[PDB]
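*Asks:* Please see the structure below; I have some questions.
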2 protein chains.
Amino acid sequence: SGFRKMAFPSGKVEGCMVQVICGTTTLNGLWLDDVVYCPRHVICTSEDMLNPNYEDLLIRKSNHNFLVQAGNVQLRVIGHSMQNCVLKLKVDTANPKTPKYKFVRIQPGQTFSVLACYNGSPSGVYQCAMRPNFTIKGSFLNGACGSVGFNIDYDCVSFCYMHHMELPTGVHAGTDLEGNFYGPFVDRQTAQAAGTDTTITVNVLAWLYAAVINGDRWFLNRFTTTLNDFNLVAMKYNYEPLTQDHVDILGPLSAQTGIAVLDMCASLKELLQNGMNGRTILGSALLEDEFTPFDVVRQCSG
Amino acid sequence: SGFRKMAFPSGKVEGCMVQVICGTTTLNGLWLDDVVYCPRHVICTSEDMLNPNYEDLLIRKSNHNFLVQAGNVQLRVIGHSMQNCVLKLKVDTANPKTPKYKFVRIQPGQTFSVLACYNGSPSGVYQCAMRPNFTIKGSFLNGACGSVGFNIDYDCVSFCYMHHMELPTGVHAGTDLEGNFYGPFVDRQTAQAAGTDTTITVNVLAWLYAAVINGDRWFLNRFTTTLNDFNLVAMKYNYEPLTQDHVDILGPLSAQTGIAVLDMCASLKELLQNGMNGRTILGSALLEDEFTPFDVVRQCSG
Ligand SMILES: *C(=N)[C@H](C[C@@H]1CCNC1=O)NC(=O)[C@@H]1[C@@H]2[C@H](CN1C(=O)[C@@H](NC(=O)C(F)(F)F)C(C)(C)C)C2(C)C
Ligand SMILES: *C(=N)[C@H](C[C@@H]1CCNC1=O)NC(=O)[C@@H]1[C@@H]2[C@H](CN1C(=O)[C@@H](NC(=O)C(F)(F)F)C(C)(C)C)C2(C)C
């Protein structure tokens, strides 16, 4: 029993982290086979970051201008290219610690583990949800760029995020491993703001199933609701519409607990309309939306 | 910016996890050099766990009765001994992935990362504080025993916990790596309960400094307090006495922010007496006590 925000074991990703230095800018890179992937703004000076022309800055760099270090070993750069907002550095040595991997573009509402790194060295790991506004609530200081987000499925690492920047309110933005940003952000130091966020309904429902499994059942009412009436009520509380695809994804938790999804929707409807009356659910005084149905199943059945 | 509950990168510990099977009981072991450490109740059947005589059960086991598997390799057990509540299995192969390590007994109020494992396979990582009642708020299912807690200092892993059992309310108990339990618990399946817990004052203060660094400063009042008056007020809210050793440990955060510890104590005193008036601090509606001053410094200065 117990329910905690849990990250994937980071070992497979730790073995891929390297330091990339270009001139006087240093950040992290991800070394998979003979390629190192890193944010393209490693080629900028502080001044260039205000309004960079990456294509122009890159044409004046050669392979030798990129210094890649993996522990106490310098890797020789033998090729370079830019793909969207990431640079790919071909190196003369394939990473022997390369796990089985894939690059995936995650959807809003999904979670992943972040391995925060500085100077190519892993410092910590934590779980994030890709918010509906395409930001994550991370924790990153100067030099964290190139830190990656991932999921692990059996032996396979699905890399989904690479860190690039921090937005107002202390939220974070980045790209997939093909360098395409999540959200309408650009890698330039200019005024940018995230759009208004929304609560991930299907995740709040998943976390209510986690609470039931853990013995916190006070919020369970005796009613049911229709999907339409639930979505009409939940819209005013800035909750995402719950789709039939979301109801299907909640099926395993619903079957495990014997609580129909629409019955849990009636319990959530009452919690939204009446509040929690000073009570907690899994120790929280607020409804949590950063656990997916898979995250819950992972911990509440194995 | 940002502040998240963050675990240490688990790679160094993942390379030490093995599966230990004795008869029909399976749990996790920690393989360091040529020794595998695991909870002694691996030698029990379900029936033995109700009231076990470990010394008696162990005398009827030989080395061959312990099957240790590290990935796809079976390790041969060539010696065994029991030290308090842990069994030590000498194996014929030294773990080549053994990091630099030490065994430490952590103090109440301190935090560590837990690598939850099943069948010798790491599943997830999360941060815990050793509560003043010597329990942790973990997340463990059947088969999790032998999962370990640790801290990482530069290249050195300090192992401090090995998981043994779950107590009422879904809290967890275990031993140090010398097999001595934290708290007045025993490894027997009989009615046991944790003592009344207390709030770790120095950690709440550390987390208020984290909030200030992150720009959440609404709770800062214009007053100071004496240590005696702070401790008189905080006793009724079930907060641990704040000692001069705790005030000294908060020194780096106090110097970084320019807020004296006793001034933060006056702000905490007002929060305890008046509540948070529906407001949040670092997104939380409750005061958090599971971040040590070191955990805060780690994230709010690097
Ligand atoms: C990469 N190492 C850093 C990570 C930042 C540093 C503070 N916390 C983080 O997550 N990335 C940057 O410094 C990027 C980088 C230029 C400026 N920048 C920012 O994150 C800035 N943000 C923005 O300009 C904004 F709001 F548009 F997102 C900063 C004000 C420094 C936080 C580039 C190329 C975008
Ligand atoms: C080790 N694999 C498990 C981990 C437990 C299983 C459920 N969640 C966990 O943390 N440890 C045990 O099953 C230990 C083991 C016998 C019984 N036990 C317990 O944790 C039980 N608890 C107690 O009897 C109590 F309350 F005293 F702590 C159980 C009721 C199964 C949760 C031994 C030898 C203590």
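Residue numbering for chain B follows Swiss-Prot; the residues present correspond to positions 3264-3565, in that order.
The deposited model was determined using X-ray crystallography, 1.5 Å.
Positions of Cβ are set from backbone N, Cα and C atoms, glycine also.
Swiss-Prot lists B:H3304 with the feature active site, for 3CL-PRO activity. Per Swiss-Prot, the feature active site, nucleophile maps to B:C3408. Taken from Swiss-Prot, the feature ubiquitin cross-link covers B:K3268, B:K3353.
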*Asks:* Filter the recorded positions B:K3268, B:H3304, B:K3353 down to those whose C-alpha lies within 10 angstroms of the C-alpha of B:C3408 (active site, nucleophile); answer none if the list is empty.
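*Replies:* Near B:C3408 (active site, nucleophile), where near means Cα within 10 Å, the recorded positions are B:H3304.
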*Asks:* Quick one: pull the CA-CA distance for B:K3268 (ubiquitin cross-link) versus the residue listed as 'active site, for 3CL-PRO activity', whole Å only.
*Replies:* 32
*Asks:* Near chain A: which of the recorded positions B:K3268, B:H3304, B:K3353, B:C3408 have their Cβ closer than 8 Å to one of its Cβ atoms?
*Replies:* B:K3268
*Asks:* Check the recorded positions B:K3268, B:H3304, B:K3353 for any whose Cβ is under 6 angstroms from an atom of ligand 2, and report them in sequence order.
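*Replies:* Among the recorded positions listed, those whose Cβ sits under 6 Å from ligand 2 are B:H3304.
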*Asks:* Cα-Cα separation of B:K3353 (ubiquitin cross-link) and B:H3304 (active site, for 3CL-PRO activity), in Å?
*Replies:* 17
*Asks:* B:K3268, B:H3304, B:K3353: which of these recorded positions has the sparsest Cβ neighbourhood within 10 Å?
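*Replies:* B:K3353, out of the recorded positions B:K3268, B:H3304, B:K3353, has the fewest neighbouring Cβ atoms within 10 Å.
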*Asks:* What kind of secondary structure is the residue listed as 'active site, for 3CL-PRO activity' part of, going by DSSP in three states?
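*Replies:* Where the residue listed as 'active site, for 3CL-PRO activity' sits, the three-state DSSP reduction gives helix.
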